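Reviewing the structure listed below.
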Ligand SMILES: [Ca+2]
Ligand SMILES: [Ca+2]
């Protein structure tokens, strides 16, 4: 029966049947957004949902026999497994993000369809070359996030009161969003020199960020 | 009579005469902005407008005899047809955007002058090589737009209440405009971890965007 | 006496002397900012200012005899002429910007110190290859600016009431600064569909600017 | 005894020992953020802190005997000396930013681990090649900062009242953060033409920045 199913799994029909379901389950998840729609045809799509969930575990079960060990070494497959596992956790108990994390199965459209995998792979591949920089920034953020918590956190605890808060605020300054009117002109009503902290921070952080892009335009 | 008019239409005078009307109609449209101007010379320029509107259909009528099927397979010609057709719809009924969409005819200065044609063509040509990324993103947006509506839409209906509202708001985050103080800090007053949704959303979307630019700096 | 002064002008001493005054007059202009300073050494500097202005007309007079027609064909030289000229208009009458436009003479440090000429020249040279695009956009701005004035100017005359007001606002959206919370969300309270005008606008305008940058990174 | 210690300092175990203390002291500083932690184990940490500071002085002393002049001509060594020195100034007196500047010792993780050095060095190296542009800009800022102070400082002293105040405000505009709704629309309620100062300012500074990025994207 092995080759019987190895022929079912590898079939164009099977793979296109899966893809057909993703675009259907995606269309159905956009409709579950409408509180109106849910009042009318709610039970339909709650069932239609659970149906697809079964179908998908059946496939992943079928797909595992055909591949065994090879499957739990395939990034795209590992994903598909974990993205379905989330969708099996009872619609209750634990955390309720789990109900919401269910929309992640629509990322199977990236998995099930090539060109997409290509494009995703193309993107992902750029990451190892960046880890040296990324390592650098996180060190850098960490260092300033500490200075900031202990330099500004007493008077301005919303923004800098906690290590985590500083991270967030520094990040915000890094995206350069409302950094002056929002954070530093305020800080300067109390700490006139706060500009001496944040302008150098902005330069260094924006510089590094430019360099990193130039690097991705050389690989 | 064909070759007679084929020599009228294909003439330098013809082409340059059309260009003369565009730069003239365009000037007349900047003046129709002023309520002052309209109180004095409004009659002049409404009629001048209708005149130019005739002339342009006449030309398009002429241009179609000279080209027949060659024309409805010309992108630039198709445009001029549609844009003039808009300008034909009676200054009444339906939607006032049809009155406003009339200004689209000034895009004929792009259509009727090469170099422009080249430049526009240069730009457009870059697009097909972005469609893999663009497709990828819209899936990504759609997934997160869905996540957002069910995570934040009950307490925050202005911003995430409807799928469409999530889209707009997610877009707003992508352009990084007032993303934190405008959206995520508020959100965090009620949902402390919302940074876990938006910091990742930001990284991915800005990453993809950098890559997309790097792609264009190859081709 | 001609070659005598051609030996005065072309001298190393002459140029470095001009340069030395620039750095001095520049330092002196940052000091004229201080209302404190002016209350003490103010006359010292007002006269110092009037002195250097003479020295500069003398130079421009000298440089003209030594170069005659070749001079009024030199960008850098024309500049110092027009810049020094501005600084000759009495400290009175007409407009009061002219007194303020005086500090433009510090741009002579660019004109008079090589390598600066290089860098400026390096920079300026790029503009020709952007002219086709820059043209394209101004047509584009102009068309949308007209559309906006007649679509939003009645309810929102601060932002869109006038052709020029619209220019400014569209410019502001293009730098993507406070475009949503500041302009488009407000607009949507009256015109639900304004997002149909501003999202495509942003895309086009951002796209074009990416292409223009990619273009520069080839030439 | 020299070669005895030269073999200690140059030992892999030594360096790895140093790197160990850095990652350890860095963990300690993250914990010194918690007002909680300090009440519990504050003493443990302030002592562990002074211990590490000792060890590092011992090291730098050792390191200097083994390198002498070679050391004080080494960027990375000079750094480590100057960073450890800051941490030596007693917990008392002068400026208390000195207590805060202590956390700068976590930059030793950049100094002591290569690849980081590589990456930092890669970054730093681009700077000499940017100095022509950087000099040009600062003169530019200086010229406009002076103009701005005398054009807007009377009615708007928060933003332009002082040379330094103008620098900051112009800097804020350059990062394009809230430049319109926050600054120029205000300015225009009093000075209708201020757009004539800031739009040209914005173009130039943004132009220069695109060139500087492209310049790097070759070198
Ligand atoms: Ca912003
Ligand atoms: Ca803002």
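Chains as they are written, first to last, in PDB author numbering: chain B, 1001 to 1219; chain A, 1001 to 1219; chain C, 1001 to 1219; chain D, 1001 to 1219. Virtual Cβ for every residue (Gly too), placed ideally from N, Cα, C.
Start and end residues, alpha helix (DSSP H) containing residue i
i, result
"residue 1112 (chain C)", "1108-1112"
"residue 1095 (chain D)", "No alpha helix (DSSP H) contains residue 1095 (chain D), which DSSP labels as neither H nor E."
"residue 1130 (chain B)", "Looking at the DSSP string, residue 1130 (chain B) is not in any alpha helix (DSSP H), and its letter there is neither H nor E."
"residue 1195 (chain A)", "1194-1216"
"residue 1185 (chain A)", "1185-1190"
"residue 1115 (chain A)", "Residue 1115 (chain A) -> no alpha helix (DSSP H), and no H or E assigned at all."
"residue 1028 (chain A)", "1012-1031"
"residue 1166 (chain D)", "1163-1174"
"residue 1221 (chain A)", "Any answer about residue 1221 (chain A) is impossible in this case: the structure gives chain A only from 1001 up to 1219."
"residue 1069 (chain C)", "No alpha helix (DSSP H) contains residue 1069 (chain C), which DSSP labels as neither H nor E."
"residue 1160 (chain C)", "1157-1160"
Burial state of residue i, where buried means 16 or more other Cβ atoms lie within 10 Å
i, result
"residue 1219 (chain A)", "exposed"
"residue 1115 (chain A)", "exposed"
"residue 1194 (chain A)", "buried"
"residue 1216 (chain D)", "buried"
"residue 1024 (chain A)", "exposed"
"residue 1119 (chain B)", "buried"
"residue 1143 (chain C)", "buried"
"residue 1001 (chain D)", "exposed"
"residue 1078 (chain D)", "exposed"
"residue 1032 (chain A)", "buried"
"residue 1072 (chain B)", "exposed"
"residue 1106 (chain D)", "buried"
"residue 1164 (chain A)", "exposed"
"residue 1158 (chain B)", "exposed"
"residue 1047 (chain D)", "exposed"
"residue 1087 (chain C)", "buried"
"residue 1010 (chain D)", "exposed"
"residue 1153 (chain A)", "buried"
"residue 1042 (chain B)", "exposed"
"residue 1013 (chain B)", "exposed"
"residue 973 (chain A)", "As displayed, chain A neither begins before 1001 nor continues past 1219, which places residue 973 (chain A) out of reach and without an answer."
"residue 1082 (chain A)", "exposed"
Check: residue i C-beta below 6 angstroms from any heavy atom of ligand 3
i, result
"residue 1093 (chain D)", "By its list of ligands, the structure shown excludes ligand 3, since it contains just ligand 1 and ligand 2."
Next item on the list: Tell me, please, whether the region 1172-1188 of chain A touches the region 1173-1187 of chain B by the rule of three or more beta-carbon pairs shorter than 8 angstroms.
Entry: The region 1172-1188 of chain A vs the region 1173-1187 of chain B: in contact.
Next item on the list: Count the C-beta pairs between the region 1086-1097 of chain B and the region 1131-1144 of chain A that are closer than 8 angstroms, then say yes if the count reaches three, no if not.
Entry: By the C-beta criterion, the region 1086-1097 of chain B is judged not to be in contact with the region 1131-1144 of chain A, since fewer than 3 inter-stretch pairs fall below 8 angstroms.
Notebook entry, point to check: Can you list, in chain order, every residue whose CB sits closer than 5 angstroms to a heavy atom of ligand 2?
Noted result: Here the list is B:1178, A:1178, C:1178, D:1178.
Margin query: Tell me whether the region 1165-1174 of chain A and the region 1140-1150 of chain B touch, counting them as touching only if at least three CB pairs, one residue from each stretch, are closer than 8 angstroms.
Written below: With contact defined as three or more Cβ pairs closer than 8 angstroms, the region 1165-1174 of chain A and the region 1140-1150 of chain B are not in contact.
Check: Between the region 1103-1113 of chain C and the region 1014-1031 of chain C, are three or more C-beta pairs nearer than 8 angstroms?
Finding: Contact between the region 1103-1113 of chain C and the region 1014-1031 of chain C is present, because at least three Cβ pairs lie under 8 angstroms.
Check: Counting Cβ pairs, one atom from each stretch, are 3 or more of them under 8 angstroms apart for the region 1157-1169 of chain C and the region 1195-1204 of chain C?
Finding: Between the region 1157-1169 of chain C and the region 1195-1204 of chain C there are fewer than three inter-stretch CB-CB distances shorter than 8 angstroms, so the stretches are not counted as touching.
Item checked: Sufficient close CB pairs (3 or more, under 8 angstroms) joining the region 1062-1070 of chain B to the region 1002-1014 of chain B -> They touch, by the three-pair rule.
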